[PDB]
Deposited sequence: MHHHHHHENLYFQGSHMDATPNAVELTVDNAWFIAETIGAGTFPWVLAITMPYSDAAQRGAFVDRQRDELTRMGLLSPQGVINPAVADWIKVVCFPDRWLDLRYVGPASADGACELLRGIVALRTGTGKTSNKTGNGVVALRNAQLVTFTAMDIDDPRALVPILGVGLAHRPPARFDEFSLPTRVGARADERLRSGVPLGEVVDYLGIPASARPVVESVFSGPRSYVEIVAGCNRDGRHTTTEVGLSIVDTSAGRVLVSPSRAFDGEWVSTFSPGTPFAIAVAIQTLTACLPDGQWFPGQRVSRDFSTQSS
């Protein structure tokens, strides 16, 4: 099943399983500071969870939900989603942060895991198996305009140049000079200009895994953007000389799945 909670409930259950922090991407931090606020928080959350059915009258959190939080906080293999989008126009940026967590030491292998989507004041946990990509792709796309994949053919530029270009655009360099600095063909120009500017609504997906005690994450992430033309996929890859090359392709769910598995392939899994 699935359970929608607040970030305070989720934090309490996270303290129940002895988790120091939530995954950094989810941006769920410690709501209180001192012992007094600690007490008040614990009381409030105890009452709320009790009345919503999660906390038994004998004072036990529901094992399923708690184990979901356990998977999220202590994943063996995970990939995190960071949703960037347009401002509320009142100046307020609302947090949309997902994560896909898989903890398997034995089996049920199956690959049963939990997806955690934190939007604003709420966070939803959903138990599923990510074995098939067709289930996963729509999950990471719900934070988007759901534009159909744009029509253009794949091109690419080195990740270094694209990154420095984006940074130049951040720092006040006009778009035209940036695109001129890129050196893309005239046909590939408008796609890039739509990716680097305008609406700017996209997901940053980053793979990670836990090997024994050591945690390892990808040096470069995967981007899924929504332009006014459609959905564009930015997928990094290693060239023959070891140079990082970002590749702009249509945003079809197939290409998304392939790019995801390719991204996870760089991890010791």
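Comparing the deposited sequence with the modelled residues shows gaps at 1-21, 130-132, 294-311, with numbering starting at 1.
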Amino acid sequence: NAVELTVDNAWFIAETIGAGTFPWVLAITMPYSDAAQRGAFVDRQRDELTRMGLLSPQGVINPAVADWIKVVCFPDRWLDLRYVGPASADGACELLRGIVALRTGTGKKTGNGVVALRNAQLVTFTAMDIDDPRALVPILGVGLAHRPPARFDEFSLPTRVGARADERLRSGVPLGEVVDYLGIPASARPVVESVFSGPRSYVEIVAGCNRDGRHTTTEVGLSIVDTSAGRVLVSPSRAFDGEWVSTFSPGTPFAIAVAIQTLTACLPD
From here on, numbers count along this sequence of modelled residues.
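Of the two segments, 86-94 and 171-179, the one listed with the higher mean B-factor is 86-94 (C-alpha atoms only). Comparing 195-203 with 111-119, the higher mean C-alpha B-factor in the PDB entry belongs to 195-203.
Comparing the C-alpha B-factors of 157, 101, 130, 165 in the entry, the top value falls on 130. For the set 38, 211, 51, 70, the PDB entry puts the maximum C-alpha B factor at 211.
In the PDB entry, a CA B factor belonging to the lowest third of its chain's modelled residues is recorded for residue 81. In this PDB entry, residue 229 carries a Cα temperature factor that places it within the highest third of its chain's modelled residues. In the deposited entry, the Cα temperature factor of residue 58 places it in the highest third of its chain's modelled residues. Per-chain ranking of the deposited C-alpha B factor places residue 126 in the middle third. Ranked by C-alpha B-factor against the other modelled residues of its chain, residue 254 falls in the highest third.
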